[PDB]
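One structure below.
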Protein chains: 2
Amino acid sequence: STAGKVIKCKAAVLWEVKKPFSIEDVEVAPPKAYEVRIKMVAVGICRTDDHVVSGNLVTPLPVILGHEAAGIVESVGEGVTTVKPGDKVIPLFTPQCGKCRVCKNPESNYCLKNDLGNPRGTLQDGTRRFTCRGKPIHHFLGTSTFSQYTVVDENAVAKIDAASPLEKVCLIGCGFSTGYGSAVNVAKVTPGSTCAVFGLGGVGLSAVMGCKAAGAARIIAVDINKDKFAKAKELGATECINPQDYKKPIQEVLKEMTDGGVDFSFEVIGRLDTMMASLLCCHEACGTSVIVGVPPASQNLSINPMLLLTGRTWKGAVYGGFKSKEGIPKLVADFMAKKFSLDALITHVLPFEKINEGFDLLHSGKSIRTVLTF
Amino acid sequence: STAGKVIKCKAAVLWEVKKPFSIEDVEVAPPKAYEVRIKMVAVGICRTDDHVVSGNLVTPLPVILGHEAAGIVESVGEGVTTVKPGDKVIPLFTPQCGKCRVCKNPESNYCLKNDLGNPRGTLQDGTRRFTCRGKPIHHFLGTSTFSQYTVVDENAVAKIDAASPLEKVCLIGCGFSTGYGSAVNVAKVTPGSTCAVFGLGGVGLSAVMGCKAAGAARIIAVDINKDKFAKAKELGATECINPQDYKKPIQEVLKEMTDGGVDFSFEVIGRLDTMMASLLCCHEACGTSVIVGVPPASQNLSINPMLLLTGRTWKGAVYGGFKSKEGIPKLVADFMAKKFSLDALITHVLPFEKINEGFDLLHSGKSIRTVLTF
Ligand SMILES: NC(=O)c1ccc[n+]([C@@H]2O[C@H](COP(=O)([O-])OP(=O)(O)OC[C@H]3O[C@@H](n4cnc5c(N)ncnc54)[C@H](O)[C@@H]3O)[C@@H](O)[C@H]2O)c1
Ligand SMILES: NC(=O)c1ccc[n+]([C@@H]2O[C@H](COP(=O)([O-])OP(=O)(O)OC[C@H]3O[C@@H](n4cnc5c(N)ncnc54)[C@H](O)[C@@H]3O)[C@@H](O)[C@H]2O)c1
Ligand SMILES: [Zn+2]
Ligand SMILES: [Zn+2]
Ligand SMILES: [Zn+2]
Ligand SMILES: [Zn+2]
């Protein structure tokens, strides 16, 4: 078929920050050893991809973004053992190399092969694999799934049940794993808990579902766009509060209604002020706050150490604490076992060519998740 | 009798900022409903008392300070079931009321009857018990043990072993418990780990001891006053490193030396600089940083969220996370079972009358603990 030689296909290239997508012809080069070329079926538009086109994330340009996705293996490099041609996979946006200090810790998931800390714009081997009009293109977060084909490494590709719906199970690459793992795994939510979840988009609604899942007493979701409330209610929310109806700031309104702080506070928006509301609204001698939202580049918060001395614990994490290559297999098997549902979150399915339109529904706020089909 | 009514004795009166403490004559009105009037026998000087004098801790003046002590029950106020007269007893700078949210909740020890957070200088009910020169005097942290006699509340005092050598055992009243529990109880130092302790005065050295009791493998004790290292070492430190011998900042100094970050970092000092230094030296994808030192009056840190999004967990604590009425007798029981030695922390024993000399000894770096015997 194509394996061995190069494939020429399309992609939605980002050339300039604050500039639209260019769906172009590109040349995706052969899988090297311990790497794999995938053929996409469906990709999801996540707000982390919208942080690079607006300058909040700094990454080398030109670049082809994307990371919540699903596809089928077209070829394997030498000694690739885990997957084989024909197989179904979900590309992981943080790998599980198997050998590093982080990886060895049962409790850590930010493997030392990730491109989040300081972006290289390559694949672990040192190079790139894309060329457009002769100009090579950079790889986003290792995955680069906004293209009709992709080469990712063997330790960052997770195989899934060959009976999975690729057009639904794709949010398990970031959207769900992240939010759900924040509640379930990271914050260690207790049956009885009172949680406050700031932000009602596809990664936060999975934290609402996760809080419910763990046995929360009250789940207070916070947002500015009120059409978000309904869906959240429907997934596990006890009450929904839009901070615009208040005279006192929302950390006060949320404190008074829970007896001076919620048990767990989550911030799934990603902005410097709400990261403080989410610290101030938990209970001062027993709260916990999990930062989930990736913030604006180079900008700092100011906090007085007395806010933590009494006991609030502040933390955060990437991929909901789930070990990419070992955990996503499982999480897909739980989708399949009919244990939870991704259908609530996917609100529109546009073909790949409308990638920018999806980005406009994300910006106006009509989408929980827009899924792109190849 | 001693008991019955108002006692007239000597006390350590702080009438103004940065003043020497006068030893004047005060009157100690008898314990009301559910109160205790203890006679002091041994008190320890702790830098938190000192934080008031220097203005780091605004607390209302005139005042009697001291919260680290032992003595014997004298007159007990009507309704007390907890302790009776003659019991060798230790006061507690954080109450364990039993009934409040924090008290009910299995992890928090910050009882609401505290003037720790927000001060008031009285005993719980709102009134004060000492008068000097027809002027009424405030209390410090509901204890005020720098005095021959004091009136505590019932939910704030602990019953200990009638064999306990007051003079040494008094240290569990702040210094030991805080540092110990900071490792053993809240950082949760897992076995075969690497810990860093910044600061080597009474409480800090108990934090060194606690990390060893938990079973960590490398203990790095960072402190500028070299002299302390001899004790530190002998007590449980692996390598205590002094900050001035370096060219490079102590965070990265420790980062390289530990494969990018120590596992548990504690700051048992109070310098804002050091609270930051300690966060940055713990491992980005699973580091832990407990604040233990009391920051001076409203000097706020500036930090960027990315230090937490990868996995660091920042948090704080009072009383080793030990619930007061409970943990301190248990801990003293282990001390009576020869579990630790408080001899190694006590470096001077002054006659009470010398209160002023002991503060100087603190300020010099000659002392670890100084016991002012009554
Ligand atoms: N931790 C991770 O591993 C990880 C992975 C992916 C994404 N993320 C982060 O999650 C963030 C959220 O992503 P998303 O997928 O949910 O997209 P999203 O854009 O749909 O969600 C944002 C929500 O915030 C709401 N909002 C806006 N202003 C608000 C305000 N001032 N107060 C409260 N709510 C407000 C918006 O209306 C929307 O409901 C992303 O920015 C990204 O940084 C984190
Ligand atoms: N949370 C609580 O329960 C609790 C209880 C008691 C005390 N505290 C606080 O803990 C702190 C310690 O008490 P202590 O009696 O042991 O005081 P201490 O003065 O004896 O300890 C200070 C140590 O820090 C060292 N040091 C000073 N500046 C330094 C710097 N810039 N870098 C590194 N080391 C430096 C000093 O050399 C000394 O070794 C005080 O701030 C006190 O207010 C908290
Ligand atoms: Zn790894
Ligand atoms: Zn994403
Ligand atoms: Zn103290
Ligand atoms: Zn209480």
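All Cβ positions, even for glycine, are placed from backbone atoms using ideal geometry, and neighbour counts span all protein chains on display. Bear in mind these aren't lab numbers, they're just calculated from the coordinates by the rules spelled out.
List of remarks:
- Its DSSP H runs of at least 4 residues, each contributing -39,500 (n - 2.57), put the calculated 222 nm mean residue ellipticity of chain A at -5500 deg cm²/dmol, to the nearest 500.
- In chain A, the longest principal axis of the Cα atoms and the axis of helix A:324-336 are about 80 degrees apart.
- Counting Cβ atoms of other protein chains within 10 Å of each Cβ in A:70-76 and taking the mean gives 0.
- Here the Gaussian network model covers chain A, with springs between Cα atoms less than 10 Å apart; of A:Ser75, A:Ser147, A:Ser164, A:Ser164 fluctuates the most.
- Distances between equivalent label points of A:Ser54 across the copies, with each point positioned 7 Å along Cα→Cβ, amount to 4.5 nm, shortest listed first.
- Gaussian network model of chain B, springs between alpha carbon atoms under 10 Å - residue of B:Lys212, B:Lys159, B:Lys338 with greatest fluctuation: B:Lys338
- Note on A:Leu308, A:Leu361: ascending count of other Cβ atoms within 10 Å places them as A:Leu361, A:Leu308, the fewest first.
- Cβ neighbours within 10 Å from other chains - mean over A:94-107: 2
- Pairwise FRET efficiency - B:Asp125 versus A:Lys339, Cβ, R0 = 45 Å, nearest 0.05: 0.25
- Relative contact order, percent, chain B [alpha-carbon distance under 8 Å, six or more residues apart]: 17 percent
- Karplus-based coupling profile of the range A:77-91, in residue order and whole Hz: x, 4, x, 7, 9, 4, 9, 8, x, x, 3, 9, 9, 10, x, with θ = phi - 60° in 6.51 cos²θ - 1.76 cosθ + 1.60 and x standing for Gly or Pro.
- Cβ-derived FRET efficiency at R0 45 Å, A:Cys100 paired with B:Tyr246, nearest 0.05: 0.95
- Separation in nanometres of the label points that stand 7 Å from Cα toward Cβ, at A:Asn118 and A:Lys188: 3.3 nm
- Of the beta bridges in the protein assembly as shown, as assigned by DSSP with both residues counted there, near 55 percent are antiparallel.
- Residue order, fewest to most beta carbons within 10 Å, for B:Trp15, A:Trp314: B:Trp15, A:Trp314
- Partner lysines for B:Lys354 [C-alpha distance under 27 Å; skip if fewer than 8 residues away on the same chain]: B:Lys8, B:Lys10, B:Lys18, B:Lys19, B:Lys39, B:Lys88, B:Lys135, B:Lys168, B:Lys228, B:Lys231, B:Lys366
- The separation of the range A:17-35 from the range B:35-86, counted between C-alpha centres, amounts to 71 Å.
- Computed over chain B with a Gaussian network model linking Cα atoms closer than 10 Å, the most mobile of B:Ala163, B:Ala183, B:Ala29 is B:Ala163.
- As a length-normalised measure over Cα pairs under 8 Å and 6 or more apart, the relative contact order of the range B:179-317 settles at 22 percent.
- The convex hull around the C-alpha trace of the range A:132-229, projected and averaged over every direction, spans 9.5 square nanometres.
- Simple spin-label estimate for A:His348 and A:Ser302 in nanometres, 7 Å along Cα-Cβ: 4.1 nm
- Förster-model FRET efficiency, 60 Å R0, A:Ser54 and B:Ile72, C-beta, rounded to 0.05: 0.30
- Kirkwood estimate for the protein assembly as shown, i.e. one over the average of 1/r between Cα atoms, Å: 28.3 Å
- Cβ neighbours within 10 Å from other chains - mean over B:295-305: 5
- Sequence-distant residues sharing a close amide H with A:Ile23 (under 5 Å, placed H): A:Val13
- Alpha-carbon gyration tensor eigenvalues x 5, square-rooted, for the range B:179-317, Å: 20, 17, 16
- Counting only DSSP beta bridges with both residues in chain B, the antiparallel share comes to about 55 percent.
- All-pairs alpha carbon distance profile, chain B, 10 Å steps from 0, percent: 5, 25, 33, 24, 10, 3, 0
- Extension reserve of the B:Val17-B:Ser364 stretch, reckoned as 0.36 nm per residue once the Cα distance is removed: 123.0 nm
- Computed from the Cα positions only, the extents of the range A:274-347 along the three principal axes stand at 47, 30, 27 Å, in decreasing order.
- In order along the range B:178-190, phi translates into HN-Hα couplings of 4, x, 4, x, 4, 8, 3, 9, 9, 6, 6, 4, 6 Hz, rounded to whole numbers, per the Karplus curve 6.51 cos²θ - 1.76 cosθ + 1.60 with θ = phi - 60° and x for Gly and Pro.
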